[PDB]
Amino acid sequence: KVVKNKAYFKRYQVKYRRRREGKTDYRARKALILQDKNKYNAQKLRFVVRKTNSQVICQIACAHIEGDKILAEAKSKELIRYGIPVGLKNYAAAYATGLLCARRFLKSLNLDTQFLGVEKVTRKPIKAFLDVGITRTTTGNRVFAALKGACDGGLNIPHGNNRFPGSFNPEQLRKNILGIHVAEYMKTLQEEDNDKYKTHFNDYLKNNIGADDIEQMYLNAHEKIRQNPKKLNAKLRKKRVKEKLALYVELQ
Amino acid sequence: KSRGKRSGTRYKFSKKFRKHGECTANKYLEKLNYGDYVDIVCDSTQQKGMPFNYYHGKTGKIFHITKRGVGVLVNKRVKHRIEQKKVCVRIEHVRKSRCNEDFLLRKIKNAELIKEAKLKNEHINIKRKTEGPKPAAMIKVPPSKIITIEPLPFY
Amino acid sequence: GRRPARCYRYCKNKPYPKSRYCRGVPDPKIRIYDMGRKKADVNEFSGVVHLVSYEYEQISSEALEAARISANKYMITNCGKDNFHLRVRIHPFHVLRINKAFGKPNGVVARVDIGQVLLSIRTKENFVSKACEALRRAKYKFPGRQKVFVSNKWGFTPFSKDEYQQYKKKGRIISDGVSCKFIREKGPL
Amino acid sequence: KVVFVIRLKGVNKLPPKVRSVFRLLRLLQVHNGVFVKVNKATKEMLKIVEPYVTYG
Amino acid sequence: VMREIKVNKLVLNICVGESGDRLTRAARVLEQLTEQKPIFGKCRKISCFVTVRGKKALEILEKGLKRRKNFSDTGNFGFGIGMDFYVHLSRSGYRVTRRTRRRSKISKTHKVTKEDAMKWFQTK
RNA sequence: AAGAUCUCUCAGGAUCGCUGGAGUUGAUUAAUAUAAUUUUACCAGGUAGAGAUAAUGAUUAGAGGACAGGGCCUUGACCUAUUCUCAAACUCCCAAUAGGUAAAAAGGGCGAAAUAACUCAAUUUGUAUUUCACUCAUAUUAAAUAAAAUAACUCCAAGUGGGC
RNA sequence: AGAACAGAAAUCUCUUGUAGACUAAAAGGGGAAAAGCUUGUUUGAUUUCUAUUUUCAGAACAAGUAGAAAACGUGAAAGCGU
RNA sequence: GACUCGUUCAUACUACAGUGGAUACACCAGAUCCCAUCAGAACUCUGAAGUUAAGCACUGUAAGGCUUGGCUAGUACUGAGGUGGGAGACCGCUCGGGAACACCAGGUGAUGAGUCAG
């Protein structure tokens, strides 16, 4: 039979618009939202990170019945203002992006001077919870870098070490947030071939950042950021049908 | 013969057409304070905290709250006597009631109206109207617009 | 063999159909259903008569079969097989059960409500009295009260004869086997 | 606005709601009369006991 | 234009339908033919295959060459030689079906079609 | 009263129910408690009904189409739009009746101040309690109506548990 | 709808696929980024104690529901697991 | 204009079309490392060479569906009354309450919080 029967439309129940679109999980969201119900006005602030192809977006979110309120929000293309012009999709960039969001949030609260957090790379603070945001929580994913930046900033988001590189290497994490592997790949590609090196990291070449310089630039920026955060109608359609019908009768 | 836990619940606990699928996320946010009134409406997208048949469609005061549980004082008719029963349910089935809200709204509206009236020393019947008989009135009907009727013949 | 049938004039007890729970029923007596010139176009005929229920009668499956055979034979003797179609417009579907504890299945039956057609004849205008007479012969084979009627419809349609002609005139009505499809002006051609 | 209601019917064989309404209405002994304030609520209660009372 | 029909997947099947060894030998033949490890069927292991992409796939297709009737409706095809072949074709944007955030249907006028696929095969 | 639960139990018994006496408490202030009642709010429903072209199961017919047997053709199957009649143990939809919760003073308001080992990031972020304030209808009574307190409640005990 | 052997079944591929599958077992409920299927890690199928629901005398057992005090299991984490 | 989080959970769907891409989304470029496999397809990571073709947005269709409203119909049904009618089956009256499918007409979204770009 024809599967796209009238009956098939008629029975159908759609899944929720955001799930249908594919942005949200819902199962994760419902679990994430709920606080223990005898607690009152504890709103369980989520640190939401979504990784768009261009750039990673970090927001502080609070669930309410007429929809989520965002308190602080940062996008990777702000790092340009802080001296990083390039690499805005990168892991390094994501660590920076997270950190920027946390500092701006604290500044808004006026608790920037209350907690200056972790200096460089190795009362109780305000608390938040990392969002998965539909990407797999596979080891070395970008969200964990963002989480680390937030944490190093000042926010307390409980975490394991498991999904940083290796099953633990803190030195590798330090290299990675600095960007040392990206530089290594640049050196490696240049050694391999000059055409491939220039064609690939073309924007980097234009801006004029040597591989060696990337860590310095990111470090300088990182230090700077911590210091200083039309429709028709029925009568009309009726007409349109009449006109179309007359023309169709003549035409063929 | 048998009378087990979900006995005779077929159509009652089943969802309406196009209303299958998990409890909406928003629904966990709703506020419950002690002594708030609360309906007990069964679901079946959740299995834990499902209440026995009788407390479907009943409504009572919240007396106790846990991590996801809510204690509800419900009246039950047992032969010659109502007695109070503490039904522990989970949040998915407990729904914030509206019956209370009518009275609460009335209090707010009354308070404002009373304050203004009393300030002017204008005596006032704040209590509910409770629809009286229809008062007398004078009505213009055009003598050309009136229609006259008869019962129809049979066919 | 069968019960004498004075038992079943009263149609109390719930319906109770041939079904997965019940199983095991003997066959319905009537498998014939419609008869006559069954393939005839809606254009050819235009007269229609009905034999219509009034009691709330049960109607035996065997009685129904007999009534149908009687009706048919009367038309065939009178106007022959070019000129009508006899459509039984009821069915048995309810099981009756008897003892030799709870009963065992034994027969099937039809349970019409008041004011429902039992037997319908589609035919040509010259032959409507003949068809009426056939239905009149049929009525003596049913329990309970029934009246014979004729209609102002084209027969096997919702439409009145005049309406049918009017629609046919302005091309809004398509003959589609048995009866007629009304054009409702929807989507592309 | 007002309605005088006269009861018409014995004590025996009375439905339980009807008996309750009668008690509130205040017509017990079988030819008892009382005035009742027409409203909505009173009229509905009166409707329940209707086959047992004349009024006007 | 951007609408270029290309190979999207190449799948190579060998089935003996029986127990090990002969199945293993087939897998070794497949492996030698192209490097990637085979994977196997069921239990009512029964059969073997491997998938290919890119330059490797093009080489296998090219050796394959040495008919109009038997293309799919959907715009894919295979042929027989012992060994079986199936060639899966698409324009780019095939990613829209599988990419995890947005998984969704490609447009009808962007699906391959039989006639275009045949025309490409003669052309190639 | 001939209900109910348990019973080597079905002619019994126990224990509840339903009854009398005794007593206290409370009312005795046209009242608040309260009511086999309605009202206004507010719910919860899936039975009568209704449906088959909404799903599942039945179930009678033809019409128009692009796969199987035989010689454009025949029997079809198979589709597509239709059609006749249907279901305690089918359900898109769905009454009436019946049922629940609501209708303020030991309370509620909007404030302050206290207290805690709880809460929260938060000695003030809440919670909850407590203490003070200010003040809510009441000369018909925060909707009617009420031989509405002849009420509550406790004790001791009866008969009854074949019914129609 | 396609692809040696290859047929109605064999595997492989693409398209269509709101459940027509599967969910230990009756039958009814419930379930599609799962409750299903596949994979990883595990043993909370733990100890102690309440408030209680069902039948009901508002006794018992039994089967649950909601917690608490422990100790843990898993997950990145919220969580979830008696 | 666009985005991120959402809300109502089909007026939001589906099917076939057209129209749109400053910045944005995206497709798209690549595989050294983290990572992931049968397969860089996915996933992950690293890019920014191309492109509106798709996704996506917007609009269209005597569209299907969904959704309001009429109309079906005071029909079906029903609470209470009746020393009513009917041999029976069942059916009226008095005080009340009152549907459904089909059909026909309209409609095809609305919106909270935060951000970027002229």
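Residues numbered from 1 in each chain as written, not as in the entry; some residues may be left out. Chains lettered and ligands numbered in written order. Part of a larger assembly, values for the part shown. Heavy atoms only, no water.

For chain D, the name recorded in the PDB entry is 60S ribosomal protein uL30, with Plasmodium falciparum 3D7 as its organism. As recorded in the PDB, this entry has the title "Cryo-electron microscopy reconstruction of the Plasmodium falciparum 80S ribosome bound to E-tRNA".

In the annotation of the PDB entry, chain A is listed under the name 60S ribosomal protein uL18 and assigned to Plasmodium falciparum 3D7. Under the heading Sequence similarities (unreviewed entry), UniProt records this for chain A: "Belongs to the universal ribosomal protein uL18 family." (UniProt positions renumbered as here; feature names shortened; annotations may be inferred.)

> Looking at this structure, how should I read the protein's contact with RNA strand G?
Surveying the vicinity of RNA strand G reveals 77 residues, the closest of which are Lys4(A), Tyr8(A), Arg68(B), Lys76(B) and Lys9(E). Backbone atoms, meaning sugar plus phosphate, form 75% of the atoms of RNA strand G positioned within 4 Å of the protein. Between RNA strand G and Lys111(E) there is a distance of 2.8 Å, counted from a phosphate oxygen to a side-chain nitrogen or oxygen. Of all elements in the fold, only α3 (27-33) of chain A, β3 (69-78) and β4 (81-90) of chain B together with β1 (6-14), β4 (77-80) and β5 (84-90) of chain E reach the threshold of two or more residues within the surface near RNA strand G. Among the elements that take part in the surface near RNA strand G, β4(B) stands out by supplying 6 residues, more than any other. Classifying every residue of the surface near RNA strand G gives 23 nonpolar, 27 polar and 27 charged. (Near = heavy atom within 4 Å. Polar contact = N/O pair within 3.5 Å; in protein donor to acceptor, adjacent residues only side chain to side chain. Helix = DSSP H or I, 4+ residues; strand = E, 2+ residues; numbered from the N terminus. Nonpolar A, V, L, I, M, F, W, Y, C, P; charged D, E, K, R; others polar.)

> Which parts of the structure should I look at to understand the pattern of salt bridges?
Pairing between side chains of opposite charge can happen when their charged atoms approach one another. All names here are of chain A. By the definition in use, this model includes 43 salt bridges over all chains. Linking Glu73 and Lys75 is a salt bridge whose minimum nitrogen-to-oxygen distance equals 2.7 Å. The exposure class of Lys75 is partly exposed, given its relative accessible area of 33%. Overlapping salt bridges bring together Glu119, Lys120, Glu223 and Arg226 as one network. (Salt bridge = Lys/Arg side-chain N within 4 Å of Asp/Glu carboxyl O. Buried < 20%, exposed > 50% of the residue type's maximum accessible area, 1.4 Å probe, protein only.)

> Which parts of the structure should I look at to understand a positive patch on the surface?
A cluster of basic side chains, namely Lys6(A), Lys10(A), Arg11(A), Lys238(A), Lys16(B), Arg18(B), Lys19(B), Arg184(C) and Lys186(C), defines a positive patch on the protein surface. Looking at which element gives the most residues to the positive patch, the answer is helix α1 (residues 6-11) of chain A, with 3 residues. Considering the arrangement of structural elements, one finds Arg11(A) in helix α1. (Patch = residues over 30% accessible without salt bridge, like charges linked within 9 Å, V, L, I, M, F, W, Y side chains within 5 Å. Areas by Shrake-Rupley, 256 points an atom, 1.4 Å probe, with all protein chains shown as cover. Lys, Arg positive; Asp, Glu negative; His and termini not counted. Charge placed at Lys NZ, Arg CZ, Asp CG, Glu CD.)

> Could you clarify how one ought to interpret the protein's contact with RNA strand H in this entry?
Taken together, 94 residues surround RNA strand H, and among them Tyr26(A), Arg50(A), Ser54(A), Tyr204(A) and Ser92(E) come closest. Sugar plus phosphate, as a fraction of atoms of RNA strand H within 4 Å of the protein: 77%. One of the backbone N or O atoms of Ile70(A) is found 3.3 Å from a sugar or linking oxygen in RNA strand H. Per-element accounting of the surface near RNA strand H gives the leading share, 5 residues, to helix α11 (residues 234-251) of chain A. Of the residues in the surface near RNA strand H, the class split is 22 nonpolar, 28 polar and 44 charged.

> So what exactly am I meant to see when it comes to the pairing of strand β2 (residues 47-53) of chain C here?
Along any regular strand the residues' side chains alternate between the sheet's two faces. Residue and element names in this part refer to chain C. Burial analysis of β2 places 6 of its 7 residues in the buried class, which makes it a mostly covered element. As paired strands, β2 and strand β6 (residues 117-123) are joined by 6 bridges and run antiparallel to one another. The residue bridging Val48 from the neighbouring strand is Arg122, located in β6. Note: β2 against strand β7 (residues 146-150), 5 bridges, orientation antiparallel. If you follow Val49 over to β7, its bridge partner there is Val150. (Pairing = 2+ DSSP bridges.)

> Looking at this structure, I do not really get the environment of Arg122(C). What am I missing?
All names here are of chain C. In this fold, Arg122 is placed in strand β6. The buried category is assigned to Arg122, whose relative accessible area is 3%. Sequence separation between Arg122 and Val109 is 13 residues; the distance between their C-alpha atoms is 25 Å. Looking at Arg122, its side chain comes within polar contact range of the main-chain oxygen of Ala40, at 2.9 Å.

> Please clarify how the packing of aromatic side chains should be interpreted in this entry.
We describe a pair of aromatic rings using the distance from one ring centre to the other and the angle between the two ring planes. With the rule as written, the count across this model stands at 17 aromatic pairs over all chains. Ring centres of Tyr8(A) and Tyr12(A) lie 6.1 Å apart, and the angle between their planes is 55 degrees; on these two criteria the pair is classed as tilted. Their ring planes at 85 degrees and their centres at 5.2 Å tell us that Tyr54(B) and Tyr55(B) sit as a pair that is edge-to-face. Taken together through their ring pairs, the aromatic side chains of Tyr185(A), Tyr197(A), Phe201(A) and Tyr204(A) make up a single cluster. Here the basic side chain of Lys44(A) rests over the ring of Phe129(A), its NZ or CZ set 5.3 Å away from the ring centre. (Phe/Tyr/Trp six-rings, centres within 6.5 Å; stacked < 30°, edge-to-face > 60°. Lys NZ or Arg CZ within 6 Å of the ring centre and 35° of its normal.)

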